[PDB]
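The next block holds one structure in the form of structure tokens; read it before the comments.
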Amino acid sequence: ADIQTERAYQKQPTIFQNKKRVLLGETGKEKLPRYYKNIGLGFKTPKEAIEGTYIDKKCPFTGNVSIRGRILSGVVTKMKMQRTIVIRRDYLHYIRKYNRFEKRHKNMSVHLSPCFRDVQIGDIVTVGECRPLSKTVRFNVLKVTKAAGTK
Amino acid sequence: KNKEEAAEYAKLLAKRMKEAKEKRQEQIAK
Amino acid sequence: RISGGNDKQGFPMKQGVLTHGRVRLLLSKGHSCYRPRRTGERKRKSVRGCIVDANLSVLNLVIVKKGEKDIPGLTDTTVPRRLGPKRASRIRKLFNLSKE
Amino acid sequence: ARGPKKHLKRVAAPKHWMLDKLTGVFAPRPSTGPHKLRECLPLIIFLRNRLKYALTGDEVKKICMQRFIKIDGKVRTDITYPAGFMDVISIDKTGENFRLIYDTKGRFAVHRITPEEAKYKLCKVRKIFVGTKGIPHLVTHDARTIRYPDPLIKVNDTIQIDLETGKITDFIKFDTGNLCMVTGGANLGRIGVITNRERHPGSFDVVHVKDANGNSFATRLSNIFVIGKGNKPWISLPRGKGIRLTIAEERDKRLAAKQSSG
Amino acid sequence: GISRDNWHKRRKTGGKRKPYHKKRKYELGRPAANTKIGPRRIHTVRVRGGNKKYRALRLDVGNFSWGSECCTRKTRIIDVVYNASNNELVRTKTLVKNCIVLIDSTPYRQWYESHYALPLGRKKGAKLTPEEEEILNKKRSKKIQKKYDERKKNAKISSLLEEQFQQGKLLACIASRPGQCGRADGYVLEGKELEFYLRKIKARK
RNA sequence: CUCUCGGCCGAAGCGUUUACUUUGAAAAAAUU
RNA sequence: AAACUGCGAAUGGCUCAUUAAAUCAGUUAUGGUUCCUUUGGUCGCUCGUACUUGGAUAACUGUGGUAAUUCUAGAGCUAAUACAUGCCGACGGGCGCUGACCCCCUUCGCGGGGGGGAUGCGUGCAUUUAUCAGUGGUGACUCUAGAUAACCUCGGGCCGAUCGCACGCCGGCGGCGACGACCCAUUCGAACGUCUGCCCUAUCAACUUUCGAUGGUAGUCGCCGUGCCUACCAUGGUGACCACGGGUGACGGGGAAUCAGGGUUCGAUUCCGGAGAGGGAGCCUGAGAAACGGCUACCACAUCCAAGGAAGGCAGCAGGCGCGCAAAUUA
């Protein structure tokens with residue numbers, strides 16, 4: 002069913018899947034109600050989260066996290082983990098003895114919700130700070146924009 | 201004191217709801 | 051009945067330890083043979099087992115039922131004057147009093 | 002540390018207490034109470050350093066535990082009891098009443114008030130919540146919880162409250178054009194009318210305030226205490242009226258006062 | 002003792018880090034509560050702040066819910082059949098959170114017959130004690146028989162719940178966490194969750 | 001720089017994103 | 001006086017060994033947690049011997065043991081805001097399910113439409129689970145409040161068998177306080193996270209990953225977020241923008257010397273944060289400690305002895321020895 006790929010039954014804790022309904026409603030349509038919310042800072046909840054079917058407890062829009070604290074950006078560099086990506090933040094650090102700059106970088110592991118598809122290497126991602134979700138992830142993807150050179 | 205304070209809050213809530221609803225029909229009737 | 055005693059080095063007896071020699075127990079509040087200097091502390095102390103044996107100094111023993119003839123320095127002495135009870139309930143219980 | 006602290010070093014004390022360096026190594030260390038440690042004036046500093054009835058802390062204790070000092074109408078014998086903004090201090094033996102409000106330099110002024118003004122105080126509303134069985138509560142800036150407030154009273158509004166009973170008697174909204182006093186930050190002690198509140202979601206709001214002399218200054222929303230409705234304060238103000246003079250006009254005023262007398 | 006600090010583990014680069022302080026009492030871990038089926042034996046624990054944790058070591062009774070119709074009853078745990086974490090905990094019959102349990106179904110059948118007045122989990126022979134014809138086949142009034150008619154208009158439940166009542170023991174999920182609560186509360190499995198757990202149980206064999 | 005709803009204005013998309021510069025808030029004392 | 005009970009002894013003082021994104025500084029977060037105390041709220045909101053409950057135990061009396069200790073044993077008493085047990089009352093009822101009967105209208109009637117109700121069950125604030133709807137709030141809640149079905153731990157959650165002072169009204173009604181108290185808020189914090197920032201070294205170029213390394217799902221433990229740990233999976237995570245390793249005559253800052261400016265050197269040291277109490281490790285009590293002027297081991301030292309045993313921790317104030325070029329009075 003492309004949903005129950007685990008050894009426990011995956012469901013959204015807030016929605017109830019065992020409502021007692023009539024035969025006409027049974028023959029009408031078999032669509033579950035879906036829990037979603039807004040990451041309310043001028044961030045639009047995507048349609049793939051509202052109309053989707055996936056289950057992710059660490060998703061900003063459908064899971065159990067809240068976005069509070071910093072909001073940063075990065076470029077996607079690696080996408081080889083399961084529901085998390087590794088992004089890169091480049092910056093310039095000012096050495097004031099020389100009055101010059103050196104280029105520095107920080108690698109950041111962020112949680113990518115399944116509602117963001119067609120995320121490529123090099124696309125600009127906007128992440129927001131949440132509570133600790135694993136040992137090394139603290140930020141959660143909220144927006145994706147493509148690279149300006151790509152059509 | 202519990203029953204007294206409940207009484208004044210009931211009266212004040214009644215007046216506040218009345219003023220709010222009166223403003224609502226006064227604004228919506230345009 | 052053998053109310054206790056203590057051995058050649060003065061270490062007392064604990065009731066629950068069933069041996070002839072001495073054992074080091076980690077005693078705390080409420081145990082006998084220890085008095086804590088501080089709330090919550092426990093001390094490792096030596097104590098003799100509860101079995102009576104020859105390797106010992108004194109047995110503390112209590113007469114529980116009197117014989118037929120008296121001991122001259124133990125049983126023939128009259129009862130001494132002692133403190134009366136303090137609670138009004140126990141005054142009533144000692145004297146069989148009513149609600150009025 | 003292994004637990005909470007009980008000592009305050011004198012150089013680490015709040016600077017507006019105006020303690021000196023050589024009297025001791027310790028400062029009076031305010032008790033826990035309705036005010037923060039950094040935003041209060043303890044009773045020993047008031048009765049000894051400012052008001053000078055006492056010469057030592059032992060004399061402060063002798064004054065306080067003869068049951069002479071009321072704070073907000075309640076007798077306090079804790080010598081380090083944290084008194085703070087808008088708190089009314091009453092000494093019935095000498096017939097004196099005070100409010101702890103700020104100078105233009107950010108220090109608690111010795112502000113004497115009328116005994117009818119000592120009947121009430123103002124509080125800034127810090128939270129509104131509904132508790133069990135649908136009962137609305139507000140929490141003020143001085144740790145007061147009042148049940149059943151007016152439904153119009155919101156957070157950042159100011160309640161005018163009666164110290165005899167503790168109930169809500171009047172209130173003032175947060176609105177552009179109301180009079181306010183600044184209780185934190187670099188503009189501590191200044192008074193003016195609110196002219197613009199800009200909102201930053203997920204962050205601190207910034208309120209713009211205009212002085213009675215036309216000077217304008219901004220603060221955070223946490224630092225604003227609304228005092229009077231529109232233009233007239235609902236409490237007595239100190240000798241300066243919230244007007245921060247610069248160092249030049251303060252020198253000029255000092256020289257004119259020295260010239261006029263002497 | 003057991004320490005659940007983060008500084009004993011390696012860094013994100015994989016290098017090892019030196020501790021700058023020894024183990025603190027706010028970083029402690031306690032031995033696990035392997036709650037099992039048996040008569041009630043629970044131990045209270047003093048925890049951080051002087052508060053209380055209840056550590057259940059042997060539990061046999063909880064309360065469980067039909068959520069389709071919002072009815073819960075206090076009933077008995079019978080057996081453990083599935084655990085998504087470890088099958089060794091099924092073999093040891095350990096009660097944890099989200100372990101699949103089968104429980105006694107008598108109060109639920111009792112409420113269903115006292116409410117909807119239809120037989121539940123009954124054989125074709127249908128031999129009943131006279132209390133059951135008193136409950137199922139009482140004498141009622143016009144308004145009451147009418148209200149019962151619109152009550153049995155929709156009193157049809159799933160065939161899988163029927164099959165489990167035919168068997169006599171209901172499947173449920175323990176939703177409370179029992180080593181911290183001293184309770185093994187939960188909810189009766191229904192719907193797609195029920196078919197999931199049935200096919201996973203069958204796929205174990 | 002503009003489009004909608006509410007009293008010439010307020011909300012909204014910003015205008016490619018920056019680097020740079022300035023302002024405002026906020027920022028223990030002691031020491032200087 | 002003593003002794004029981006309560007509180008404090010987790011502050012202060014010392015030192016700088018450790019420790020190199022660690023500590024610490026500035027900035028943010030707890031919408032992811034605990035919090036003695038103060039301050040405010042709540043404390044007849046529960047429908048179910050009290051004009052007062054029970055057993056001890058110190059201090060005291062008396063008999064003792066050991067070379068030895070702030071060691072204690074037996075016997076005779078006697079208290080509580082210690083330890084326990086446990087009501088009355090407010091109390092008349094209300095509300096939600098079950099529901100024997102009764103009443104009215106229409107219909108020729110059947111049938112349909114609407115009310116009153118005896119009887120049982122449950123009930124208040126916390127706990128735990130499931131479900132439903134949408135007072136007050138946020139930038140955003142799975143927030144707060146509401147309703148239903150129940151649960152509520154014997155190692156047990158609240159609903160006062162407590163103490164002083166002035167005494168007064170019509171046996172009943174009372175004013176100040178003190179002490180306790182579940183919960184909520186506040187105060188003082190703490191503890192985990194965010195962003196940015198540190199010296200030398202390539203004669204350290206690949207490291208982490210069986211023994212958790214990086215991520216997912218379910219749980220365990222934890223005050224809570226989390227590979228914190230466990231099970232099953234995926235093979236990931238970091239690195240010439242210098243990882244990993246090593247060193248430092250490295251606690252970090254505020255700060256100090258110099259000074260046209262940039263810089264250079266110093267910051268063990270009185271303020272702030274951290275760490276430690278000979279080295280390690282593990283606990284108890286408590287709101288708070290992995291506490292050392294607490295306890296329990298081992299390691300290294302080491303004190304007394306009747307040889308059986310007992311006690312130890314000056315990087316507190318003085319003082320001593322040692323070390324040294326190097327530092328004060330047992331006031």
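Line by line, the protein sequences are chains A, B, C, D and E. All residue numbers for the first sequence refer to the UniProt record's numbering, where the first residue is 2 and numbers rise by one. All residue numbers for the second sequence refer to the UniProt record's numbering, where the first residue is 201 and numbers rise by one. All residue numbers for the third sequence refer to the UniProt record's numbering, where the first residue is 51 and numbers rise by one. All residue numbers for the fourth sequence refer to the UniProt record's numbering, where the first residue is 2 and numbers rise by one. All residue numbers for the fifth sequence refer to the UniProt record's numbering, where the first residue is 2 and numbers rise by one. Yeah, the Cβ is synthetic: ideal placement off N, Cα and C, and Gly gets one too.
DSSP places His44 (chain E) within a strand segment (E or B) once states are collapsed to three. Under the three-state reduction of DSSP output, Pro234 (chain D) falls in the coil class, being neither helix nor strand. Close to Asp151 (chain D), with beta-carbon spacing below 8 Å, are these residues of chain B in chain order: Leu212, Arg216. Counting other Cβ atoms within 10 Å of its Cβ, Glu194 (chain E) reaches 16 or more and is therefore classed as buried. Flagged as an interface residue toward chain D: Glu205 (chain B), by a C-beta distance shorter than 8 Å. In the structure shown, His17 (chain D) adopts helical secondary structure according to DSSP, grouped into three states. Residue contact with chain A for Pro202 (chain D): present (Cβ-Cβ distance below 8 Å to some residue of chain A). Using a Cβ-Cβ cut-off of 8 Å, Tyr198 (chain E) is close to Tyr10 of chain A, given in chain order. Within chain D, the residues placing a beta-carbon under 8 Å from that of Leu42 (chain A) are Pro202, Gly203, ordered along the chain. For the beta strand (DSSP E) assignment, the uninterrupted runs of no fewer than 3 residues enclosed by the segment 36 to 121 of chain D are, from N- to C-terminal side, 70 to 72, 89 to 92, 97 to 103, 109 to 113. Counting only residues of its own chain and dropping the five nearest sequence neighbours on each side, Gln18 (chain A) has a CB closer than 7 Å to the CB of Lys12, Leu33.
Here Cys116 (chain A) carries a coil assignment [DSSP, helix/strand/coil]. By the criterion of at least three beta-carbon pairs nearer than 8 Å, the segment 17 to 30 of chain E is not in contact with the segment 51 to 65 of chain E. DSSP, reduced to helix, strand and coil, places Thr28 (chain A) within a helical segment of the structure shown. Look at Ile158 (chain E) here: in three-state DSSP terms it is coil, with no helix or strand label.
At least one C-beta of chain A is nearer than 8 Å to the C-beta of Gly68 (chain E). At a cut-off of 8 Å between beta-carbon atoms, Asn155 (chain E) makes contact with chain A.
Here the alpha carbon of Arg255 (chain D) sits roughly 56 Å from the alpha carbon of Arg132 (chain A).
Interface residue (Cβ-Cβ distance to chain A less than 8 Å): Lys24 (chain E) is not classified as such. The three-state secondary structure of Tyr149 (chain E), taken from DSSP, is helix.
Assignment of beta-bridge partners to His94 (chain A) by DSSP yields A:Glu103.
Not a single C-beta of chain E is nearer than 8 Å to the C-beta of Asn100 (chain A).
Look at the segment 148 to 180 of chain D: the residues with a C-beta under 8 Å from a C-beta of chain B are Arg148, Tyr149, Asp151, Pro152, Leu153. For the C-beta of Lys13 (chain E), the chain A residues within less than 7 Å are, from N- to C-terminus, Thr137. DSSP places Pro150 (chain D) outside both helix and strand once states are collapsed to three, so it counts as coil. The contact set of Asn99 (chain E) on chain A, defined by CB atoms closer than 7 Å, consists of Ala9 in chain order.
With respect to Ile45 (chain D), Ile70 (chain D) sits apart: the two C-beta atoms are not nearer than 8 Å. Nearest C-alpha to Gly43 (chain A) among A:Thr85, A:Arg105, A:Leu143: A:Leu143. The continuous stretches of alpha helix (DSSP H) do not include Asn64 (chain E), which lies in the beta strand (DSSP E) extending over residues 62 to 67. Secondary structure at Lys143 (chain C): helix, using DSSP grouped into helix, strand and coil. Sequence-ordered contacts of the segment 11 to 43 of chain A with chain E read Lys12, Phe17, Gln18, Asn19, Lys20, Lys21, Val23 [C-beta pairs closer than 8 Å]. Taking C-beta separations shorter than 7 Å and ignoring five residues to either side along the sequence, the partners of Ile141 (chain C) in its chain run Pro135, following chain order. Using a CB distance cut-off of 8 Å, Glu222 (chain B) does not count as an interface residue toward chain D.
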